[PDB]
Amino acid sequence: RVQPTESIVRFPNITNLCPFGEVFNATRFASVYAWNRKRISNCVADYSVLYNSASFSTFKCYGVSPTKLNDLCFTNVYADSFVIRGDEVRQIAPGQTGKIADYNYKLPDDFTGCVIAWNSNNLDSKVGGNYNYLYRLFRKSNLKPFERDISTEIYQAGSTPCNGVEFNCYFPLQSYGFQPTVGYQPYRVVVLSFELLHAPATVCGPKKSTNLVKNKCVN
Amino acid sequence: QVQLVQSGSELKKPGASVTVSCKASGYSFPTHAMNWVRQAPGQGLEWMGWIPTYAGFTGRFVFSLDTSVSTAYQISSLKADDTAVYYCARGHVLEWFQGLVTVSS
Amino acid sequence: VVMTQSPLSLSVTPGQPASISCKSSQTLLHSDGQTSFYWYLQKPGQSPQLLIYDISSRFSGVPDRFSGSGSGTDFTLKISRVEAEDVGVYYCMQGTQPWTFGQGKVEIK
Ligand SMILES: *[C@@H]1O[C@H](CO)[C@@H](O)[C@H](O)[C@H]1NC(C)=O
Ligand SMILES: *[C@@H]1O[C@H](CO)[C@@H](O)[C@H](O)[C@H]1NC(C)=O
C-alpha cells in the first residue's frame with residue numbers, strides 16, 4: 001500500500017471559552033434529589049483543566065479515557081451536579097447495589113463519560129443541627145438512568161397501612177453530608193455525560209490544520 | 001469570570017422614579033441569589049435586599065429580577081440618598097461584586 | 001457588638017505586614033443559615049471583591065494575601081504584607097449582624 005504523506009485536521013469554527021467553571025465554582029449545589037443537568041454546547045472544551053485540578057479527590061472515566069477528551073467533538077455535554085455523602089461517593093457507579101443509585105442519582109451502565117467529586121467540608125457543612133440535603137429510601141422500581149425522583153409523599157414502603165396519614169412509611173428526611181464531623185462529609189459530585197456523535201458535533205479542543213486538498217494520500 | 005455590567009449614571013432633580021440595570025453572562029437555573037447595595041453618603045456599603053425581601057427600610061424599592069442572566073434593575077421617587085446607590089452582586093460564582101445615581105446641577 | 005473596627009490609617013511601612021480587627025456580638029451565623037464571615041477591599045471609588053472566611057477555616061479569593069485570627073467575636077484579618085500603594089479600605093460583613101457594616105485602613109503614607 002501507499003504511505004500517506006499529509007494529513008487533515010478539520011475542526012468546527014468554534015470561538016467560545018467553554019464555561020465549565022460555572023458548574024464547578026457554584027455557591028449552591030442541588031441535593032441528591034435533583035440535579036440541573038446543565039447543557040454545554042458550542043464551545044472549545046478543554047478537559048485538561050478539570051483533569052489536572054488539585055481540587056478533585058476523584059476523576060473516574062467509564063467511557064472516554066481521561067487522557068483523551070480534547071481530541072473528541074461531542075454534540076452536547078451534560079453536567080449533573082449534586083451533593084452526596086462520603087460513604088456513597090462511589091455508589092452511583094454501575095455497581096448499583098448500595099441503595100443510592102436506585103433511589104437517588106443513577107449512573108447508566110453504558111455511561112460514556114466521567115465522574116468528578118471532591119471533599120468540601122468548609123462549604124455545605126454545619127456546626128450542628130440538620131441541613132439542606134436529604135435522601136431517598138425507597139422507589140420500588142430502583143430507577144432509570146438519570147431519573148430525577150422528587151416525589152415526596154407518605155408511602156407504604158414498609159407495607160404498613162399508612163393510608164395517606166403515617167411506622168416506616170415516612171419521608172426520607174435523612175440529613176446527609178454535613179453532620180459536624182466520612183458518612184457526613186459533602187462531596188459535590190459532577191457527572192459529565194457525553195453525546196458520541198449523534199448530530200454534527202459542537203464541543204472540542206483547540207485544533208485545526210488543513211487545506212482540504214482531497215487529492216492526496218492523507219491521514 | 002461572571003463579570004457584572006452596569007450602565008451610565010442617572011441625573012434627576014425632581015422626585016421622579018429611576019431604573020438602573022445589571023447584565024452578566026450565564027445559563028438558565030432555578031437559583032435566584034443576586035443582590036443590591038448602595039454606597040450610602042457617609043457610610044460603607046449598605047444592602048437593600050437580595051431575594052425579593054427588604055432590609056430594615058420602607059419598601060419603595062423594586063426587585064425586578066429574572067432567571068438566567070437576571071434582567072436585574074429600581075425606586076419610585078429618589079427623594080433621598082442618591083450617592084451611587086445601586087451596586088450589583090452575584091452570589092452564584094466567586095461572590096463577584098460590581099458598581100451611578102445623582103441629584104445635581 | 002456592632003461590627004466596629006480598629007481605625008488603622010497610615011501606620012504601615014510600605015514593606016510591612018498589617019492587621020485589622022473588628023467586633024461582632026456573636027460568631028456562628030450567615031445569610032444562607034450556615035456559618036460565615038466576609039471581607040471586602042478597595043481604596044478608590046471602585047468595586048471590591050468579596051472574600052469568604054469561615055469560623056474554622058482560612059480563605060483565598062481574587063487576592064491571595066490573606067490570613068487572619070478570626071478567633072471569637074473579635075475577628076482579625078492579617079495582611080501578610082502591604083505592597084506600598086496597593087492599599088484599600090477594609091470592611092467586615094455578617095449575615096445576621098446590617099449585612100455589611102463597618103468603618104473601613106486608609107493609605108500607606
Ligand atoms: C472551518 O472554517 C473553514 C473556512 O475557513 C471551513 O472550510 C471548514 O469546513 C470549517 N470547519 C468545519 C468542520 O466545517
Ligand atoms: C474555579 O475558580 C478558580 C479560581 O478560584 C480557577 O482557578 C478554576 O480554574 C475554576 N474552575 C474551573 C473548572 O474553571
# chains A, B, ... in the order shown; residues from 1 in each chain; ligands from 1
>>> interface_residues(of="chain C", to="chain A", cutoff="12 Å", atoms="only C-alpha atoms", output="list in words")
residues 27, 28, 29, 30, 32, 33, 34, 35, 36, 52, 53, 54, 55, 56, 57, 58, 59 and 61 of chain C
>>> write_last_selection(atoms="N, CA, C and O atoms", output="mmCIF file, in the first residue's frame")
data_model
loop_
_atom_site.group_PDB
_atom_site.id
_atom_site.type_symbol
_atom_site.label_atom_id
_atom_site.label_comp_id
_atom_site.auth_asym_id
_atom_site.auth_seq_id
_atom_site.Cartn_x
_atom_site.Cartn_y
_atom_site.Cartn_z
ATOM 1 N N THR C 27 -20.660 34.689 66.874
ATOM 2 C CA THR C 27 -19.765 34.140 65.854
ATOM 3 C C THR C 27 -20.243 33.114 64.811
ATOM 4 O O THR C 27 -19.513 32.881 63.856
ATOM 5 N N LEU C 28 -21.403 32.470 64.962
ATOM 6 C CA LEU C 28 -21.738 31.337 64.064
ATOM 7 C C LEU C 28 -22.847 31.488 63.017
ATOM 8 O O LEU C 28 -23.552 30.517 62.745
ATOM 9 N N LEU C 29 -23.078 32.675 62.500
ATOM 10 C CA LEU C 29 -24.173 32.878 61.557
ATOM 11 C C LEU C 29 -23.774 33.373 60.162
ATOM 12 O O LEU C 29 -22.675 33.897 59.989
ATOM 13 N N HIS C 30 -24.664 33.139 59.167
ATOM 14 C CA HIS C 30 -24.555 33.638 57.771
ATOM 15 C C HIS C 30 -25.933 33.912 57.167
ATOM 16 O O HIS C 30 -26.956 33.496 57.716
ATOM 17 N N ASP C 32 -27.218 32.483 54.456
ATOM 18 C CA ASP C 32 -27.821 31.265 53.935
ATOM 19 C C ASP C 32 -28.137 30.284 55.083
ATOM 20 O O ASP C 32 -28.579 29.161 54.828
ATOM 21 N N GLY C 33 -27.905 30.696 56.350
ATOM 22 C CA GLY C 33 -28.141 29.842 57.530
ATOM 23 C C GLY C 33 -26.931 29.024 58.045
ATOM 24 O O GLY C 33 -27.037 28.265 59.014
ATOM 25 N N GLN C 34 -25.800 29.176 57.395
ATOM 26 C CA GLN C 34 -24.541 28.497 57.701
ATOM 27 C C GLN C 34 -23.624 29.461 58.387
ATOM 28 O O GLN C 34 -24.071 30.518 58.810
ATOM 29 N N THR C 35 -22.424 29.043 58.734
ATOM 30 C CA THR C 35 -21.513 29.969 59.379
ATOM 31 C C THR C 35 -20.733 30.744 58.320
ATOM 32 O O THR C 35 -20.290 30.145 57.336
ATOM 33 N N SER C 36 -20.512 32.057 58.529
ATOM 34 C CA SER C 36 -19.651 32.815 57.610
ATOM 35 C C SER C 36 -19.139 34.105 58.203
ATOM 36 O O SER C 36 -19.697 34.623 59.170
ATOM 37 N N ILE C 52 -14.703 35.098 51.270
ATOM 38 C CA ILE C 52 -15.350 34.298 52.320
ATOM 39 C C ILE C 52 -14.458 33.652 53.336
ATOM 40 O O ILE C 52 -13.663 32.799 53.001
ATOM 41 N N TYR C 53 -14.691 33.965 54.602
ATOM 42 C CA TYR C 53 -13.967 33.412 55.731
ATOM 43 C C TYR C 53 -14.916 32.569 56.579
ATOM 44 O O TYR C 53 -16.077 32.923 56.802
ATOM 45 N N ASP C 54 -14.471 31.403 57.004
ATOM 46 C CA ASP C 54 -15.285 30.526 57.820
ATOM 47 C C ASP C 54 -15.026 30.735 59.289
ATOM 48 O O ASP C 54 -14.162 31.499 59.669
ATOM 49 N N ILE C 55 -15.709 29.984 60.133
ATOM 50 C CA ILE C 55 -15.454 30.120 61.562
ATOM 51 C C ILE C 55 -14.387 29.115 62.029
ATOM 52 O O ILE C 55 -13.875 29.219 63.142
ATOM 53 N N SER C 56 -14.002 28.172 61.160
ATOM 54 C CA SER C 56 -12.923 27.248 61.470
ATOM 55 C C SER C 56 -11.891 27.165 60.328
ATOM 56 O O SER C 56 -11.023 26.289 60.345
ATOM 57 N N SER C 57 -11.988 28.048 59.316
ATOM 58 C CA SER C 57 -11.062 27.966 58.175
ATOM 59 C C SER C 57 -10.756 29.282 57.402
ATOM 60 O O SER C 57 -11.563 30.212 57.266
ATOM 61 N N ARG C 58 -9.554 29.278 56.826
ATOM 62 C CA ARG C 58 -8.933 30.333 56.020
ATOM 63 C C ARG C 58 -9.392 30.326 54.573
ATOM 64 O O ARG C 58 -9.822 29.294 54.066
ATOM 65 N N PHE C 59 -9.294 31.477 53.905
ATOM 66 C CA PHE C 59 -9.660 31.576 52.501
ATOM 67 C C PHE C 59 -8.630 32.204 51.613
ATOM 68 O O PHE C 59 -7.596 32.698 52.058
ATOM 69 N N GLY C 61 -9.359 34.380 47.611
ATOM 70 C CA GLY C 61 -10.423 34.782 46.699
ATOM 71 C C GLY C 61 -9.769 35.242 45.439
ATOM 72 O O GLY C 61 -8.985 34.518 44.834
#
>>> interface_residues(of="chain C", to="chain B", cutoff="12 Å", atoms="only C-alpha atoms", output="JSON, numbers by chain")
{"C": [3, 4, 31, 32, 38, 39, 40, 41, 42, 45, 46, 47, 48, 49, 50, 51, 52, 60, 61, 62, 63, 89, 90, 91, 92, 93, 94, 95, 96, 98, 99, 100, 101, 102, 103, 104]}
>>> write_last_selection(atoms="C-alpha atoms", output="PDB file, in the first residue's frame")
ATOM      1  CA  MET C   3     -19.263  45.287  63.515  1.00  0.00           C
ATOM      2  CA  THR C   4     -16.924  48.075  64.557  1.00  0.00           C
ATOM      3  CA  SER C  31     -27.168  34.784  55.226  1.00  0.00           C
ATOM      4  CA  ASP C  32     -27.821  31.265  53.935  1.00  0.00           C
ATOM      5  CA  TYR C  38     -16.902  38.222  54.876  1.00  0.00           C
ATOM      6  CA  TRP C  39     -14.317  40.767  53.821  1.00  0.00           C
ATOM      7  CA  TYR C  40     -14.147  43.491  51.093  1.00  0.00           C
ATOM      8  CA  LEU C  41     -11.211  45.673  49.991  1.00  0.00           C
ATOM      9  CA  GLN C  42     -10.701  48.965  47.898  1.00  0.00           C
ATOM     10  CA  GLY C  45     -14.446  54.519  44.321  1.00  0.00           C
ATOM     11  CA  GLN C  46     -14.052  51.152  42.573  1.00  0.00           C
ATOM     12  CA  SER C  47     -15.528  47.717  43.122  1.00  0.00           C
ATOM     13  CA  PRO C  48     -14.023  45.458  45.896  1.00  0.00           C
ATOM     14  CA  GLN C  49     -14.417  41.739  45.626  1.00  0.00           C
ATOM     15  CA  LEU C  50     -15.974  39.554  48.227  1.00  0.00           C
ATOM     16  CA  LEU C  51     -13.910  37.154  50.217  1.00  0.00           C
ATOM     17  CA  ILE C  52     -15.350  34.298  52.320  1.00  0.00           C
ATOM     18  CA  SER C  60      -8.330  32.905  49.266  1.00  0.00           C
ATOM     19  CA  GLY C  61     -10.423  34.782  46.699  1.00  0.00           C
ATOM     20  CA  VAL C  62      -9.376  37.017  43.924  1.00  0.00           C
ATOM     21  CA  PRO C  63      -6.347  38.196  46.093  1.00  0.00           C
ATOM     22  CA  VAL C  89     -10.251  50.236  52.948  1.00  0.00           C
ATOM     23  CA  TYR C  90     -11.414  47.027  54.653  1.00  0.00           C
ATOM     24  CA  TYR C  91     -14.942  46.116  55.689  1.00  0.00           C
ATOM     25  CA  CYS C  92     -16.445  43.216  57.708  1.00  0.00           C
ATOM     26  CA  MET C  93     -19.708  41.510  56.763  1.00  0.00           C
ATOM     27  CA  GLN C  94     -22.073  39.225  58.735  1.00  0.00           C
ATOM     28  CA  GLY C  95     -25.278  37.609  57.561  1.00  0.00           C
ATOM     29  CA  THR C  96     -27.095  38.309  60.788  1.00  0.00           C
ATOM     30  CA  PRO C  98     -26.937  45.079  58.704  1.00  0.00           C
ATOM     31  CA  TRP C  99     -25.209  42.531  56.360  1.00  0.00           C
ATOM     32  CA  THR C 100     -22.284  44.884  55.521  1.00  0.00           C
ATOM     33  CA  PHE C 101     -21.200  47.112  58.295  1.00  0.00           C
ATOM     34  CA  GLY C 102     -18.056  48.880  59.353  1.00  0.00           C
ATOM     35  CA  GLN C 103     -15.835  51.928  59.316  1.00  0.00           C
ATOM     36  CA  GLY C 104     -13.167  50.858  56.742  1.00  0.00           C
TER      37      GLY C 104
END
>>> interface_residues(of="chain B", to="chain A", cutoff="12 Å", atoms="only C-alpha atoms", output="list in words")
residues 1, 2, 25, 26, 27, 28, 29, 30, 31, 32, 33, 34, 68, 90, 91, 92, 93, 94, 95 and 96 of chain B
>>> residues_near_ligand(ligand="ligand 1", cutoff="8 Å", atoms="only C-alpha atoms and all ligand atoms", output="PyMOL selection string")
chain A and resi 10-13+212
>>> write_last_selection(atoms="N, CA, C and O atoms", output="PDB file, in the first residue's frame")
ATOM      1  N   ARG A  10      -9.641  18.748  10.572  1.00  0.00           N
ATOM      2  CA  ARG A  10     -10.794  19.586  10.274  1.00  0.00           C
ATOM      3  C   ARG A  10     -11.757  19.687  11.442  1.00  0.00           C
ATOM      4  O   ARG A  10     -12.563  18.788  11.681  1.00  0.00           O
ATOM      5  N   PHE A  11     -11.663  20.791  12.160  1.00  0.00           N
ATOM      6  CA  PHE A  11     -12.490  21.052  13.327  1.00  0.00           C
ATOM      7  C   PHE A  11     -13.479  22.164  13.029  1.00  0.00           C
ATOM      8  O   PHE A  11     -13.181  23.003  12.175  1.00  0.00           O
ATOM      9  N   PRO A  12     -14.661  22.169  13.677  1.00  0.00           N
ATOM     10  CA  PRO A  12     -15.675  23.204  13.617  1.00  0.00           C
ATOM     11  C   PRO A  12     -15.093  24.546  14.048  1.00  0.00           C
ATOM     12  O   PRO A  12     -14.248  24.598  14.950  1.00  0.00           O
ATOM     13  N   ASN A  13     -15.599  25.647  13.451  1.00  0.00           N
ATOM     14  CA  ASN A  13     -15.117  27.014  13.683  1.00  0.00           C
ATOM     15  C   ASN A  13     -15.734  27.609  14.968  1.00  0.00           C
ATOM     16  O   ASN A  13     -16.588  28.502  14.922  1.00  0.00           O
ATOM     17  N   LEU A 212      -7.850  21.048   2.929  1.00  0.00           N
ATOM     18  CA  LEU A 212      -8.884  20.224   2.336  1.00  0.00           C
ATOM     19  C   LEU A 212      -8.579  19.839   0.888  1.00  0.00           C
ATOM     20  O   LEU A 212      -9.476  19.851   0.047  1.00  0.00           O
TER      21      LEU A 212
END
>>> select_by_dssp(residues="region 38-84 of chain A", states="alpha helix (DSSP H)", output="list in words")
residues 48, 49, 50 and 51 of chain A
>>> residues_around(residues="residue 204 (chain A)", least_positions_apart="3", cutoff="7 Å", atoms="only C-alpha atoms", output="number ranges by chain")
A: 43-45, 70-74
>>> residues_around(residues="residue 171 (chain A)", least_positions_apart="6", cutoff="9 Å", atoms="only C-alpha atoms", output="number ranges by chain")
A: 136-137, 152-155
>>> closest_residue(among="A:181, A:53, A:112, A:58", to="ligand 2", atoms="only C-alpha atoms and all ligand atoms")
A:53
>>> residues_around(residues="residue 51 (chain A)", least_positions_apart="5", cutoff="12 Å", atoms="only C-alpha atoms", output="list in words")
residues 20, 46, 56, 57, 58, 59, 60, 61, 65, 66, 67, 68, 69, 70, 114, 115, 116 and 117 of chain A
>>> residues_around(residues="region 19-22 of chain B", least_positions_apart="6", cutoff="12 Å", atoms="only C-alpha atoms", output="mmCIF file with N, CA, C and O atoms, in the first residue's frame")
data_model
loop_
_atom_site.group_PDB
_atom_site.id
_atom_site.type_symbol
_atom_site.label_atom_id
_atom_site.label_comp_id
_atom_site.auth_asym_id
_atom_site.auth_seq_id
_atom_site.Cartn_x
_atom_site.Cartn_y
_atom_site.Cartn_z
ATOM 1 N N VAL B 2 -17.822 35.590 35.420
ATOM 2 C CA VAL B 2 -19.114 36.178 35.842
ATOM 3 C C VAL B 2 -19.097 37.655 36.218
ATOM 4 O O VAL B 2 -19.626 38.057 37.250
ATOM 5 N N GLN B 3 -18.498 38.443 35.343
ATOM 6 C CA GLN B 3 -18.372 39.876 35.498
ATOM 7 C C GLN B 3 -19.722 40.547 35.304
ATOM 8 O O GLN B 3 -20.484 40.167 34.418
ATOM 9 N N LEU B 4 -20.024 41.528 36.141
ATOM 10 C CA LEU B 4 -21.296 42.231 36.054
ATOM 11 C C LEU B 4 -21.144 43.565 35.348
ATOM 12 O O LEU B 4 -20.245 44.345 35.651
ATOM 13 N N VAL B 5 -22.087 43.876 34.489
ATOM 14 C CA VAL B 5 -22.067 45.096 33.712
ATOM 15 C C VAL B 5 -23.158 46.075 34.087
ATOM 16 O O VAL B 5 -24.331 45.716 34.134
ATOM 17 N N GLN B 6 -22.760 47.321 34.343
ATOM 18 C CA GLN B 6 -23.684 48.389 34.723
ATOM 19 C C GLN B 6 -23.868 49.367 33.573
ATOM 20 O O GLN B 6 -23.238 49.227 32.525
ATOM 21 N N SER B 7 -24.706 50.379 33.788
ATOM 22 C CA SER B 7 -24.944 51.431 32.801
ATOM 23 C C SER B 7 -24.326 52.744 33.259
ATOM 24 O O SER B 7 -23.477 52.767 34.153
ATOM 25 N N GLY B 8 -24.729 53.840 32.632
ATOM 26 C CA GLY B 8 -24.175 55.144 32.973
ATOM 27 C C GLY B 8 -24.918 55.687 34.174
ATOM 28 O O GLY B 8 -25.792 55.003 34.714
ATOM 29 N N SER B 9 -24.583 56.898 34.615
ATOM 30 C CA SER B 9 -25.275 57.425 35.772
ATOM 31 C C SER B 9 -26.603 58.069 35.408
ATOM 32 O O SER B 9 -26.777 58.582 34.297
ATOM 33 N N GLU B 10 -27.517 58.109 36.378
ATOM 34 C CA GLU B 10 -28.817 58.761 36.179
ATOM 35 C C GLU B 10 -28.977 60.044 36.990
ATOM 36 O O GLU B 10 -29.048 59.992 38.225
ATOM 37 N N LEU B 11 -29.031 61.187 36.293
ATOM 38 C CA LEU B 11 -29.164 62.507 36.922
ATOM 39 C C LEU B 11 -30.561 63.116 36.874
ATOM 40 O O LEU B 11 -31.057 63.437 35.790
ATOM 41 N N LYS B 12 -31.171 63.322 38.049
ATOM 42 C CA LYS B 12 -32.513 63.918 38.102
ATOM 43 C C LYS B 12 -32.735 64.884 39.254
ATOM 44 O O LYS B 12 -32.506 64.539 40.400
ATOM 45 N N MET B 34 -29.085 36.856 43.495
ATOM 46 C CA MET B 34 -28.394 38.092 43.137
ATOM 47 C C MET B 34 -28.902 39.202 44.022
ATOM 48 O O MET B 34 -30.044 39.152 44.463
ATOM 49 N N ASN B 35 -28.078 40.204 44.278
ATOM 50 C CA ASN B 35 -28.476 41.284 45.166
ATOM 51 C C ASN B 35 -27.973 42.696 44.891
ATOM 52 O O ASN B 35 -27.190 42.929 43.966
ATOM 53 N N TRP B 36 -28.427 43.650 45.732
ATOM 54 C CA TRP B 36 -28.033 45.055 45.563
ATOM 55 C C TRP B 36 -27.650 45.822 46.848
ATOM 56 O O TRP B 36 -28.279 45.649 47.920
ATOM 57 N N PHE B 61 -38.562 50.332 46.988
ATOM 58 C CA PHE B 61 -37.627 49.684 46.082
ATOM 59 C C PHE B 61 -38.264 48.469 45.411
ATOM 60 O O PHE B 61 -39.100 47.766 45.996
ATOM 61 N N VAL B 62 -37.853 48.228 44.176
ATOM 62 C CA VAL B 62 -38.366 47.179 43.332
ATOM 63 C C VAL B 62 -37.358 46.135 42.898
ATOM 64 O O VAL B 62 -36.347 46.406 42.224
ATOM 65 N N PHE B 63 -37.706 44.900 43.204
ATOM 66 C CA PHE B 63 -36.892 43.755 42.856
ATOM 67 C C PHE B 63 -37.215 43.226 41.502
ATOM 68 O O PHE B 63 -37.777 42.141 41.364
ATOM 69 N N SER B 64 -36.853 43.976 40.495
ATOM 70 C CA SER B 64 -37.116 43.477 39.169
ATOM 71 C C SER B 64 -35.961 42.546 38.860
ATOM 72 O O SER B 64 -34.824 42.994 38.671
ATOM 73 N N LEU B 65 -36.260 41.241 38.936
ATOM 74 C CA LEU B 65 -35.324 40.120 38.822
ATOM 75 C C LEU B 65 -35.884 39.027 37.898
ATOM 76 O O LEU B 65 -37.102 38.893 37.781
ATOM 77 N N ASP B 66 -35.003 38.231 37.276
ATOM 78 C CA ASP B 66 -35.407 37.099 36.411
ATOM 79 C C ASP B 66 -34.374 35.949 36.469
ATOM 80 O O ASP B 66 -33.366 36.056 37.168
ATOM 81 N N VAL B 69 -29.570 35.157 32.942
ATOM 82 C CA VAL B 69 -28.971 36.425 33.180
ATOM 83 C C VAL B 69 -30.076 37.296 33.645
ATOM 84 O O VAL B 69 -30.786 37.904 32.847
ATOM 85 N N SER B 70 -30.174 37.392 34.952
ATOM 86 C CA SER B 70 -31.283 38.072 35.530
ATOM 87 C C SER B 70 -31.315 39.435 34.972
ATOM 88 O O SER B 70 -30.328 40.174 35.048
ATOM 89 N N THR B 71 -32.467 39.834 34.492
ATOM 90 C CA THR B 71 -32.628 41.151 33.962
ATOM 91 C C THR B 71 -32.899 42.003 35.160
ATOM 92 O O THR B 71 -34.043 42.357 35.439
ATOM 93 N N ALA B 72 -31.857 42.189 35.942
ATOM 94 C CA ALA B 72 -31.921 42.869 37.195
ATOM 95 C C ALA B 72 -31.930 44.381 36.974
ATOM 96 O O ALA B 72 -31.117 44.875 36.174
ATOM 97 N N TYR B 73 -32.809 45.116 37.717
ATOM 98 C CA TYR B 73 -32.918 46.587 37.633
ATOM 99 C C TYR B 73 -32.955 47.250 39.006
ATOM 100 O O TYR B 73 -33.154 48.471 39.144
ATOM 101 N N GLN B 74 -34.642 49.187 41.617
ATOM 102 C CA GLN B 74 -35.458 50.219 40.980
ATOM 103 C C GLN B 74 -36.301 50.944 42.055
ATOM 104 O O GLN B 74 -36.825 50.306 42.967
ATOM 105 N N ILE B 75 -36.384 52.301 42.014
ATOM 106 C CA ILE B 75 -37.130 53.105 43.023
ATOM 107 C C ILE B 75 -38.148 54.059 42.476
ATOM 108 O O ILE B 75 -37.961 54.691 41.437
ATOM 109 N N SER B 76 -39.202 54.227 43.259
ATOM 110 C CA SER B 76 -40.312 55.090 42.903
ATOM 111 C C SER B 76 -40.153 56.608 42.999
ATOM 112 O O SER B 76 -40.900 57.312 42.318
ATOM 113 N N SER B 77 -39.214 57.129 43.792
ATOM 114 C CA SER B 77 -39.161 58.590 43.938
ATOM 115 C C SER B 77 -37.788 59.249 43.916
ATOM 116 O O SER B 77 -37.660 60.414 43.571
ATOM 117 N N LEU B 78 -36.776 58.563 44.406
ATOM 118 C CA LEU B 78 -35.424 59.140 44.525
ATOM 119 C C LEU B 78 -35.437 60.465 45.307
ATOM 120 O O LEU B 78 -34.703 61.400 45.006
ATOM 121 N N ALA B 84 -24.756 57.190 44.199
ATOM 122 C CA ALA B 84 -24.388 55.915 43.572
ATOM 123 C C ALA B 84 -24.911 54.771 44.418
ATOM 124 O O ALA B 84 -24.154 54.047 45.073
ATOM 125 N N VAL B 85 -26.218 54.601 44.413
ATOM 126 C CA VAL B 85 -26.823 53.697 45.351
ATOM 127 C C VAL B 85 -27.318 52.358 44.806
ATOM 128 O O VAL B 85 -28.162 51.723 45.436
ATOM 129 N N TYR B 86 -26.809 51.949 43.637
ATOM 130 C CA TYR B 86 -27.145 50.643 43.064
ATOM 131 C C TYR B 86 -26.007 49.767 42.514
ATOM 132 O O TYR B 86 -25.822 49.658 41.302
ATOM 133 N N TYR B 87 -25.285 49.116 43.398
ATOM 134 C CA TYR B 87 -24.204 48.201 43.033
ATOM 135 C C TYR B 87 -24.841 46.832 42.929
ATOM 136 O O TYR B 87 -25.700 46.509 43.757
ATOM 137 N N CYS B 88 -24.415 46.023 41.951
ATOM 138 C CA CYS B 88 -24.935 44.687 41.656
ATOM 139 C C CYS B 88 -23.975 43.609 42.151
ATOM 140 O O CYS B 88 -22.756 43.711 41.977
ATOM 141 N N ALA B 89 -24.498 42.551 42.742
ATOM 142 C CA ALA B 89 -23.608 41.460 43.111
ATOM 143 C C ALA B 89 -24.281 40.126 42.823
ATOM 144 O O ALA B 89 -25.506 39.999 42.836
ATOM 145 N N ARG B 90 -23.465 39.129 42.513
ATOM 146 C CA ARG B 90 -23.964 37.821 42.142
ATOM 147 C C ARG B 90 -23.432 36.708 42.978
ATOM 148 O O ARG B 90 -22.383 36.154 42.664
ATOM 149 N N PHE B 97 -18.728 41.106 42.895
ATOM 150 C CA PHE B 97 -19.397 42.366 43.240
ATOM 151 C C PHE B 97 -19.010 43.533 42.322
ATOM 152 O O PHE B 97 -17.827 43.764 42.070
ATOM 153 N N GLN B 98 -19.977 44.297 41.798
ATOM 154 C CA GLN B 98 -19.560 45.438 40.990
ATOM 155 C C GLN B 98 -20.576 46.612 40.839
ATOM 156 O O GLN B 98 -21.779 46.395 40.635
ATOM 157 N N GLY B 99 -20.056 47.869 40.860
ATOM 158 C CA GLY B 99 -20.817 49.089 40.621
ATOM 159 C C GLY B 99 -19.944 50.319 40.828
ATOM 160 O O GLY B 99 -19.654 51.053 39.883
ATOM 161 N N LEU B 100 -23.255 56.424 39.706
ATOM 162 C CA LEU B 100 -24.331 55.567 39.205
ATOM 163 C C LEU B 100 -25.699 56.316 39.258
ATOM 164 O O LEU B 100 -26.566 56.106 38.399
ATOM 165 N N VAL B 101 -25.934 57.097 40.335
ATOM 166 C CA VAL B 101 -27.161 57.848 40.642
ATOM 167 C C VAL B 101 -26.755 59.219 41.131
ATOM 168 O O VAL B 101 -25.770 59.325 41.866
#
>>> residues_around(residues="residue 35 (chain A)", least_positions_apart="3", cutoff="10 Å", atoms="only C-alpha atoms", output="list in words")
residues 29, 30, 31, 32, 38, 79, 80, 81, 82, 83, 105, 146, 147, 148, 189, 190 and 191 of chain A
>>> atom_distance(atom1="CA of residue 94 (chain A)", atom2="CA of residue 203 (chain A)")
25.6 Å
>>> closest_residue(among="A:33, A:187, A:47, A:194", to="ligand 2", atoms="only C-alpha atoms and all ligand atoms")
A:47
